[PDB]
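Okay, so here's just one chain, in structure tokens, the form deposited in one PDB entry.
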């Protein structure tokens, strides 16, 4: 038999025999690190348990399978192998995704102070991964630090492809990085992801979540509290019922960016460091913009002085993926077969 079974906490991992010394590194679902004896390297293994059980799990799993396959960019996680231990459609239950492995979540990097070279390089790569996605027509909308992984040598990759919806999960879905246009459901374009990058970068500097809060109500309060109530221009673009709510909230003038992000948070002992600090804060002030009509584009932000030192036309303008009916609604049974079909290939 090609498979063996091993307990990893309260989950059984049934994986191919090439994969060994599994260690839980996540529970973005159930993930193990493993040594792959065939390729002689370490891999990440994600167990998708009954991905067809509901529409939300099934859409995400199918979208994860399809896109991780036909996307080949250094700043997006690579798929190495896909398998099920079950032998037929009737028996079918679990999918295992085999991805390349890095060293840490972006959560762990946020907890440390970084020099400007590393901070700016990470930010450059996030912008690269996102841009490649946009040119395939993939707008992410859910970039968060737990979806972003890094290696010791400062290399960065994005793990997921974002938003495609009720669920009975014990866990909560994080909202802290979602854009004003998503929170208020007002439509969006490419620069919806720039907001998310601004939240991450600001968290990298402050070492705290910029806009925490239990709900979209609490979350909006936090946004306007720090950045100020947005313009009439912005207001006039809101559905009258959303617009009623936003316009009838307590008003804040908001804080200037020097106030929101003081120099004590940036390395600024030397002159090179002092200049980078002001470049980093400028770019923050252009990403953390509520009105997406005034928020910086992905291309403008790659051309920004803080970022552009890393600019590579091969990394920034890589041939867009080819890629298909991806607003799909299906039953459990239909999803089951689409996924199996894709897994079996």
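Positions refer to the first chain, counted from 1. By rigid core we mean the largest C-alpha set that fits within 1.5 Å across both forms.
Form deposited with a partner chain bound: not shown, discussed below.
Please state whether every one of the three residues 104, 153 and 310 places a non-hydrogen atom within 4.5 angstroms of its partner chain in the bound PDB entry. Affirmative, all three are within 4.5 Å.
Interface membership of residue 83, its partner chain in the bound PDB entry, 4.5 Å heavy atom rule: Contact check for residue 83: no, nothing within 4.5 Å of its partner chain in the bound PDB entry.
Classify residue 231 as contacting or not contacting its partner chain in the bound PDB entry by the rule of any non-hydrogen atom within 4.5 angstroms, answering yes or no. Taking the distances in the bound PDB entry, the answer for residue 231 is no, it never comes within 4.5 Å of its partner chain.
Taking its partner chain as it sits in the bound PDB entry, is residue 121 in contact with it (heavy atom to heavy atom, 4.5 Å or less)? So residue 121 counts as contacting its partner chain.
Is residue 64 a contact residue for its partner chain in the bound PDB entry, using a 4.5 Å heavy atom cut-off? The answer is no: residue 64 has no heavy atom within 4.5 Å of its partner chain.
Looking at 263, 225, 117, 218, which is the one with a non-hydrogen atom within 4.5 Å of its partner chain in the bound PDB entry? If I apply the 4.5 Å criterion carefully, the residue I get is 117.
Taking its partner chain in the bound PDB entry as the reference, which of 275, 173, 255, 112 has a non-hydrogen atom within 4.5 Å? Looking at the other structure, the residue within range turns out to be 112.
In terms of non-hydrogen atoms within 4.5 angstroms, which of the given stretches 90-98, 185-193, 240-248, 153-161 touches its partner chain in the bound PDB entry? Going through the listed ranges, the match is 153-161.
Align on the core first; then indicate which of 121, 83, 176, 257 has a CA shift of 2 angstroms or more between this form and the one not shown. None of the others reach 2 Å, which leaves 83.
Please state whether residue 62 has a C-alpha shift of 2 Å or more between this form and the one not shown, with the rigid core used for the fit. The answer is yes, as the C-alpha of residue 62 shifts between this form and the one not shown by 2 Å or more after core alignment.
Post core alignment: residue 309 C-alpha displaced by 2 Å or more between this form and the one not shown: No: residue 309 shifts by under 2 Å between this form and the one not shown.
Comparing between this form and the one not shown on the rigid core, is the C-alpha shift at residue 286 2 Å or larger? Where the cores coincide, residue 286 shows only a C-alpha shift between this form and the one not shown that is less than 2 Å.
Quick one: residue 171 and residue 157 C-alpha atoms, closer or farther in the bound PDB entry compared with this form (3 angstroms or more)? It is closer: the C-alpha separation of residue 171 and residue 157 falls by at least 3 Å in the bound PDB entry.
Looking in the bound PDB entry, are the Cα atoms of residue 215 and residue 170 closer together or farther apart than here, the change being 3 Å or more? Those two alpha carbons end up farther apart in the bound PDB entry.
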